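Following: one structure in structure tokens, then a few remarks.
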Amino acid sequence: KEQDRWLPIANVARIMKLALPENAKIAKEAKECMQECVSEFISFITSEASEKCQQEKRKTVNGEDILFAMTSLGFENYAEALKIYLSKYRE
Amino acid sequence: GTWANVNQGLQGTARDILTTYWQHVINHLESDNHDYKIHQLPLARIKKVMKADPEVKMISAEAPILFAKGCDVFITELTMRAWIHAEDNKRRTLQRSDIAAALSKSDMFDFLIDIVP
Amino acid sequence: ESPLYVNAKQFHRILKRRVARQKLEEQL
């Protein structure tokens with residue numbers, strides 16, 4: 042249950058590799074740092090959505106809740122881009 | 047503007063590249079023919095991160111799906127932003143300090159102050 | 231190094247996450 046807090050490092054590192062030129066290396070500590078950063082990205086946004094849910098006595102955090110939290114927390118670009126993806130998923 | 051975060055704290059060629067990456071992301075997300083099964087990060091692990099928060103109850107399948115996409119973008123853009131500092135030091139190895147430097151360029155990353163002091 | 235004011239949209243959620251993280255760390 043403790044390990045639940047962080048996304049798997051191998052997957053994170055794989056995305057990092059694709060974000061860099063073929064000749065680049067990534068330090069052990071950079072992979073671990075990124076794993077922690079992206080894991081916090083989920084928890085930070087989720088917490089915002091969760092509290093709004095609790096306050097409204099709602100039980101389910103849905104897609105709109107994530108987008109709303111994203112814009113509230115200053116990730117407006119993520120919210121706008123992912124709104125596209127959400128509506129497509131629901132059609 | 048809604049797109050201010052795309053190049054906040056960036057200049058020159060780095061600015062153009064991150065902007066172009068975001069345009070690539072947007073065009074991809076506008077695409078049809080999405081496979082909602084295949085992701086670089088497993089939906090189950092994303093959901094587990096969410097559920098680590100005792101305040102969270104039920105989670106719609108939509109939420110991990112959105113995070114799967116958002117997290118890919120987050121890792122990619124932060125990695126690209128960090129790479130600028132590696133290249134500025136004429137290094138081919140990305141280090142933790144490069145990520146730290148990238149974070150300090152935009153207040154969008156302030157939420158990571160305890161993760162990367 | 232340690233700013234007093236951070237992103238106005240993030241500050242309160244940062245504080246709330248600090249509390250949540252402390253609780254998780256007590257659990258170990």
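Chains as they are written, first to last, in the deposited numbering: chain B, 42 to 132; chain C, 47 to 163; chain A, 231 to 258.
Built from N, CA and C at the ideal position, the CB exists for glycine as well.
- At least 9 Å separates the beta-carbon of B/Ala-51 from that of C/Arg-142.
- Taken through DSSP and simplified to helix, strand or coil, B/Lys-66 comes out as strand.
- Nearest neighbour of B/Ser-113 by Cα position, chosen from B/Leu-48, B/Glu-97, B/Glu-89, turns out to be B/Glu-89.
- Under the Cβ distance rule, B/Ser-80 counts among the residues neighbouring chain C, one pair being separated by less than 9 Å.
- Unbroken alpha helix (DSSP H) runs of no fewer than 4 residues, entirely contained in the stretch 63–138 of chain C, are found at 89–97, 108–134, following chain order.
- Between the alpha carbons of C/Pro-88 and C/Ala-114 lies a gap of roughly 7 Å.
- Here A/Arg-247 is near B/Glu-81, since their CB atoms are less than 9 Å apart.
- Under the Cβ distance rule, C/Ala-98 counts among the residues neighbouring chain A, one pair being separated by less than 9 Å.
- Chain-ordered, the chain B residues with CB closer than 7 Å to the CB of C/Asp-118 read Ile-56.
- For C/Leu-140, the secondary structure class from DSSP, reduced to helix, strand or coil, is strand.
- Along the stretch 231–248 of chain A, the positions whose C-beta sits under 7 Å from a C-beta of chain B are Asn-237, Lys-239, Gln-240, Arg-243, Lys-246, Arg-247, read in chain order.
- The shortest C-alpha to C-alpha distance from C/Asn-73 to any of B/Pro-49, B/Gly-115, B/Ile-125 is the one to B/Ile-125.
- Think of a sphere of 8 Å around the beta carbon of C/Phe-157: the chain A residues whose beta carbon falls inside it are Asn-237, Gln-240, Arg-243, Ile-244, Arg-247, in chain order.
- Residue-level contact by beta carbon fails for C/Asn-135 and chain B, as no gap is shorter than 9 Å.
- Put simply, the backbone Cα of B/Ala-65 is about 22 Å away from that of C/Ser-150.
- Here B/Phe-116 is buried: its Cβ has 16 or more other Cβ atoms, across all protein chains shown, within 10 Å.
- Residues of chain C with a Cβ closer than 7 Å to the Cβ of B/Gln-95 are, in chain order, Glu-101.
- For C/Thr-48, the three-state secondary structure derived from DSSP is coil.
- Using beta-carbon distances, B/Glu-43 counts as an interface residue toward chain A, with a partner under 9 Å.
- Any Cβ of chain B closer than 9 Å to the Cβ of A/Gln-252 would place that residue at the interface, and such an atom is absent.
- Taking a cut-off of 8 Å on C-beta distances, the stretch 62–78 of chain C touches the stretch 113–132 of chain C, as three or more cross pairs fall below it.
- Burial is judged here by how many other beta carbons sit within 10 angstroms of a residue's own beta carbon; C/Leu-112 has at least 16 and is buried.
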